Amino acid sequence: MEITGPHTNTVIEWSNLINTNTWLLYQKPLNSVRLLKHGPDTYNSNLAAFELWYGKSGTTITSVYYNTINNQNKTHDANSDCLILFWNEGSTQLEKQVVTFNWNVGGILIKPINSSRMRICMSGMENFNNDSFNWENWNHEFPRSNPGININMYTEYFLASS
């Protein structure tokens, strides 16, 4: 496992994700912050897209890419330190995948399904109903949003692959 960082490049080329599993990893930020986005410059409901944030407990996270949408899921009131993936794909207009940030590093895992499709994976330990607990282990497949669209990186990040 090669682990490199902190990288400060603002773009990860889609072509660098197609041959192996890639972890995008972040030291726990001190406040809510947008981490990355895959999608066009302006929201386009016909294309798949996602936008990843870190959310600090007790704060409100408002999507940038989805700010021109009308949907309950365009914001998240964080009740734990967490990762928040705003995403749309297929018939799904907008959902948010939230996992709790349990350690001093967290992020997402990208598994290439083919040269134009990625599986985004997120996991974390959460509580609900007070003292009920769940290991959330989630994934969704995304086609490349459109030709030439890469991954915008908004904060320094670590890269893990084999």
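The numbering used is simple: start at 1 and walk along the sequence shown.
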ask   = Got a sec? Mean C-alpha B-factor, which is higher, 44-52 or 131-139?
value = 131-139
144-152 versus 13-21 - greater average Cα B-factor per the deposited record = 13-21
message = According to the Cα B-factor stored in this entry, which of the following is highest: 36, 64, 110, 30?
response = 30
key: Record-listed C-alpha B factor of residue 72: chain third   = middle
remark   = Entry-reported C-alpha B-factor of residue 59 relative to its chain, by third, is lowest
